[PDB]
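Just below is one structure, and these are the notes that go with it.
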Amino acid sequence: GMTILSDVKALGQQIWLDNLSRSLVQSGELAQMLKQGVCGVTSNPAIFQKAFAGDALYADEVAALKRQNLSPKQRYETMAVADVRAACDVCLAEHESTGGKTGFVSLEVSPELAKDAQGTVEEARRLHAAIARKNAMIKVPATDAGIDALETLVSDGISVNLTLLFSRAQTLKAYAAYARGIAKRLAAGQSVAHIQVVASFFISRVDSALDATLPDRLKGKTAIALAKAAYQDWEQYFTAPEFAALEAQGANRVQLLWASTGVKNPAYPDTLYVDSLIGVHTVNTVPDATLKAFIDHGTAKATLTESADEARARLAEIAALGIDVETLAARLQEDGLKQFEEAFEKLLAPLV
């Protein structure tokens, strides 16, 4: 039932909607979702490609923008920034009710900047200023350049959603960059209490990559095991004395955010990923259909930290089989960037 979203909040996890469109906001649906337990919104280039293609309310906006001397990218940005600012306004009461801990809307920078740290910083600062809302996060892929950019953006006071994480090692590198940016601001006497960062760690794409060649006792288990080990890493990193010294001064922990949590294999229950990854101080962003499956027949239980020993044993067998999860993670991040660039080019063509 609908109350499950509140039950999950009580277990310490926010549930965000992994979709955004002009009609979602204009219809009043997003506002009703925020009253019913949804706590935020994520977008990406694929989400916008599907929204622009299918939502009737973009037609008049595109016709208006084609009357202006603007690049396809600027037409896209005008549309997307407007959707994000409208969604931010819907989510602002929630955001302010928790002291700025919830109610975020994420907008991703152009995929072509993913390996350009300076260009990423410049675009992120610009989009942050263009949206002009305290509850907007700029979404940046967790490449090496993206972790460079994260440190700078954190030091600039900008909230960031670091995405396309598939690696525990890369995630730990992101925490260290965050901490360096927080330390910089504290040394300069600047505020840190409103800076929020999430680390979007992808789930289904790990199982999609491996399951066809895994032995039976591991099919459908690797992504959850990797996430459960990542959360143990998170507990260790943020409780250590080094970070505690920053949190004592007002720093917020980074939070893990489970992404790609729609089930893609019909052999698994449609709520598998949401049901399996509930723990305190985390986020799960879900597509519409998964949100409705979870409301209908999901289960609210603190599952993320259960049986961590078995998660470790499974990761040890994955390595025994010759699957290097760090090599896989790099490949999956690369593939995700190619897929996002393909979607971006597909949405730009009708805006020429």
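In the structure tokens, chains take letters A, B, ... by order of appearance, with residues numbered from 1 within each chain and ligands from 1 in the order shown.
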>> Please return, as a list in words, all residues of segment 100-238 of chain A that DSSP assigns to strand (DSSP E) on the basis of the backbone.
In response: residues 104, 105, 106, 107, 108, 136, 137, 138, 139, 140, 141, 160, 161, 162, 163, 164, 165, 197, 198, 199, 200, 201 and 202 of chain A
Residues from the last selection, C-alpha atoms, saved as a compact mmCIF listing (two decimals), in the first residue's frame:
```txt
# COMPACT_ATOMS: atom_id res chain seq x y z
CA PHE A 104 16.30 17.40 -4.58
CA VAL A 105 16.01 17.46 -8.36
CA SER A 106 19.02 16.39 -10.44
CA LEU A 107 20.12 17.66 -13.88
CA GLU A 108 23.06 16.05 -15.69
CA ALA A 136 18.92 21.42 -7.45
CA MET A 137 21.78 18.93 -7.76
CA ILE A 138 24.07 18.93 -10.76
CA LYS A 139 24.64 15.37 -11.98
CA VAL A 140 28.22 14.54 -12.98
CA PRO A 141 29.58 11.14 -14.14
CA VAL A 160 26.23 17.27 -6.72
CA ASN A 161 24.81 13.90 -7.77
CA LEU A 162 27.84 11.83 -8.81
CA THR A 163 26.55 9.21 -11.23
CA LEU A 164 27.54 6.08 -13.18
CA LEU A 165 29.32 4.54 -10.20
CA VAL A 197 26.18 15.01 -2.36
CA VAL A 198 24.82 11.63 -3.40
CA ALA A 199 26.79 8.80 -5.00
CA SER A 200 24.54 7.09 -7.56
CA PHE A 201 25.64 3.45 -7.57
CA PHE A 202 24.08 1.42 -10.37
```
request  = Extract, using only C-alpha atoms, all DNA, RNA and protein residues at most 10 Å from residue 239 of chain A, discarding same-chain residues fewer than 6 positions from it, and format them as a PyMOL selection string.
outcome  = chain A and resi 245+247+253
Those residues with N, CA, C and O atoms, as a PDB file, in the first residue's frame please?
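Printed below is out39.pdb as written:
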```pdb
ATOM      1  N   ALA A 245      35.648  14.591  12.344  1.00  0.00           N
ATOM      2  CA  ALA A 245      36.113  15.950  12.607  1.00  0.00           C
ATOM      3  C   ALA A 245      35.432  16.962  11.696  1.00  0.00           C
ATOM      4  O   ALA A 245      35.195  18.107  12.106  1.00  0.00           O
ATOM      5  N   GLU A 247      32.305  16.354  10.203  1.00  0.00           N
ATOM      6  CA  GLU A 247      30.884  16.328  10.535  1.00  0.00           C
ATOM      7  C   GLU A 247      30.598  17.105  11.816  1.00  0.00           C
ATOM      8  O   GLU A 247      29.530  17.711  11.950  1.00  0.00           O
ATOM      9  N   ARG A 253      27.468  13.885   5.540  1.00  0.00           N
ATOM     10  CA  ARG A 253      28.010  12.732   4.835  1.00  0.00           C
ATOM     11  C   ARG A 253      27.492  12.712   3.399  1.00  0.00           C
ATOM     12  O   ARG A 253      26.386  13.174   3.105  1.00  0.00           O
TER      13      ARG A 253
END
```
Considering only C-alpha atoms, give me a table of residues in segment 209-255 of chain A that are at most 10 Å from segment 325-329 of chain A, with the closest atom pair and distance in Å for each, as a Markdown table.
```
| residue | atom | partner | partner_atom | distance |
| --- | --- | --- | --- | --- |
| A:209 | CA | A:328 | CA | 8.4 |
| A:210 | CA | A:328 | CA | 9.3 |
| A:222 | CA | A:325 | CA | 9.5 |
| A:226 | CA | A:325 | CA | 8.8 |
```
Could the residues in this selection be written to a file with N, CA, C and O atoms, as a JSON list (two decimals), in the first residue's frame?
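Generated file (out.json):
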```json
[["chain", "number", "residue", "atom", "x", "y", "z"],
["A", 209, "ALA", "N", 25.04, -7.58, -17.09],
["A", 209, "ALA", "CA", 26.31, -7.88, -17.72],
["A", 209, "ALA", "C", 26.79, -9.30, -17.43],
["A", 209, "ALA", "O", 27.42, -9.92, -18.29],
["A", 210, "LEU", "N", 26.49, -9.83, -16.25],
["A", 210, "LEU", "CA", 27.12, -11.06, -15.81],
["A", 210, "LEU", "C", 26.24, -12.30, -15.83],
["A", 210, "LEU", "O", 26.77, -13.41, -15.95],
["A", 222, "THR", "N", 24.98, -10.61, -7.84],
["A", 222, "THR", "CA", 26.21, -9.81, -7.78],
["A", 222, "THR", "C", 25.93, -8.34, -7.48],
["A", 222, "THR", "O", 26.63, -7.71, -6.69],
["A", 226, "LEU", "N", 27.49, -6.37, -4.30],
["A", 226, "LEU", "CA", 28.37, -5.23, -4.47],
["A", 226, "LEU", "C", 27.84, -4.00, -3.73],
["A", 226, "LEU", "O", 28.61, -3.26, -3.11]]
```
Residues of segment 18-93 of chain A at most 9 Å from segment 284-292 of chain A: nearest atom pair and distance in Å, only C-alpha atoms, as CSV:
```
residue,atom,partner,partner_atom,distance
A:18,CA,A:287,CA,4.7
A:19,CA,A:287,CA,6.2
A:40,CA,A:285,CA,8.3
A:41,CA,A:285,CA,7.5
A:42,CA,A:285,CA,7.0
```
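Between atom CA of residue 34 of chain A and atom CA of residue 260 of chain A the interatomic distance comes to 21.1 Å.
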field: Surrounding residues of segment 53-62 of chain A excluding itself and chain neighbours under 6 positions, 12 Å, only C-alpha atoms, as a VMD selection string
entry: chain A and resid 20 to 27 46 to 47 68 70 72 74 to 80 82 to 83 343 346 to 352
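Atom pair atom CA of residue 15 of chain A / atom CA of residue 179 of chain A has a distance of 25.3 Å (rounded to one decimal).
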Helix (DSSP H, G or I) call set, DSSP backbone run, segment 105-347 of chain A, as a ChimeraX atom specification
/A:111-113,117-131,144-155,168-187,204-213,216-218,222-239,241-247,272-276,288-297,308-320,325-347
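Closest approach to residue 332 of chain A among A:112, A:207, A:122, A:89 is made by A:207 (distances from only C-alpha atoms).
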